[PDB]
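Take a look at this single chain in structure tokens; it is the form deposited in one PDB entry.
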């Protein structure tokens, strides 16, 4: 009856909780402390050669046959340097002067070239030349959503892998031929590492995005994935995983039979919608969690075949992020179920004695909160949006205003910048909130005294 349901729900929360290993944190931090050293001091396009000659090559080939730094993390395959350009229509601004510039976004210059950026020589596309737009498919890539872009895919590609000398040669050959020009948009440096002490595969991507004003926003992105076996752990977890999944399939059978003795009028019974979404999500989690490992094994066979070629693990990491989001959804579904089964088996009201849960009161409260947040967020973003960073955009300003409400974010720069406008706005907000709570108090007084 209820014993099996509460046991199954406790086992489900145990399942979603027990997927915790702190070894994934430090790894990230470790890598982030090595390759992000002196990375923000890159403001031009010729300041990447000296940064990748003492902060990238030393940390990538740390006196070991393969391992990145201090052994531990192995370096899988090969390193890749990718670049996306814009068409060289700077012929119109012969001196980059001030006129009606910015043609329509200068979509990625996907055409071949020659020795320099000299026009091409033939009409075929080579897969080994630094000056040929390769593909998004033939590269096996994915749109790297940077800070202000999407960077739809591939571009012009070079590989500098597996030694220290074979990387210095490539860097010198790219510096002489002037590979990185003023026509370059974002430049990516991507590679991947497998740590075997704690079975963990990480994929690293260093991003340089060219802002409007001539400069470069620098970022670092890492994605991890634990490539453990089906079990390889304690029998308790294994026994707690098998029993939970058999309970899941039993509940699937139960709800299937309940839906055959009730054909279509099952939308109203929301007590079954949660219990069927839970079983669907659990089955999806298990299926994707094994499919990710199958994909990883396929790619590793591909690696063993033709070692010394760039290999991308983006599919496995995408499936892993999908699994994480599914777990995040299942958690809230489980808490909703636990809370709405503890309202009937032991009647505990929450909003009662002031419910007013009709379609008028709740909607009206939502509307007044939305209006009072939008107004303040808009005016704050307009006033201090050019200088302060917390009010840089509209939604950033909404989150900052909610913080102001909670007290998390203290408004001392809005008082330093505009001492009479920001002060007046904060005073208005305070007066409004005080009036609201005083009105609640006086209403609650007057309802229970006037009779």
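What we label the rigid core is the largest C-alpha set whose atoms superpose within 1.5 Å from one form to the other. Numbering follows the first chain given and starts at 1.
Missing here is the form deposited in another entry; even so, the following discussion is about that form.
> Which is the one residue in 176, 229, 165, 123 whose C-alpha moves 2 Å or more between the shown form and the other one, relative to the superposed rigid core?
Per the superposition, the moving residue is 123.
> Spell out whether the Cα of residue 98 moves at least 2 Å between the shown form and the other one when the two forms are superposed on their rigid core.
Yes, the C-alpha moves 2 Å or more.
> Hey, the CA atoms of residue 44 and residue 92 end up closer or farther in the other entry than in the shown form, with the change being 3 Å or more?
Residues converge in the other entry, at least 3 Å closer.
> Given that the distance between the C-alpha atoms of residue 97 and residue 175 changes by 3 Å or more in the other entry, do they end up closer or farther than here?
Farther apart, by at least 3 Å.
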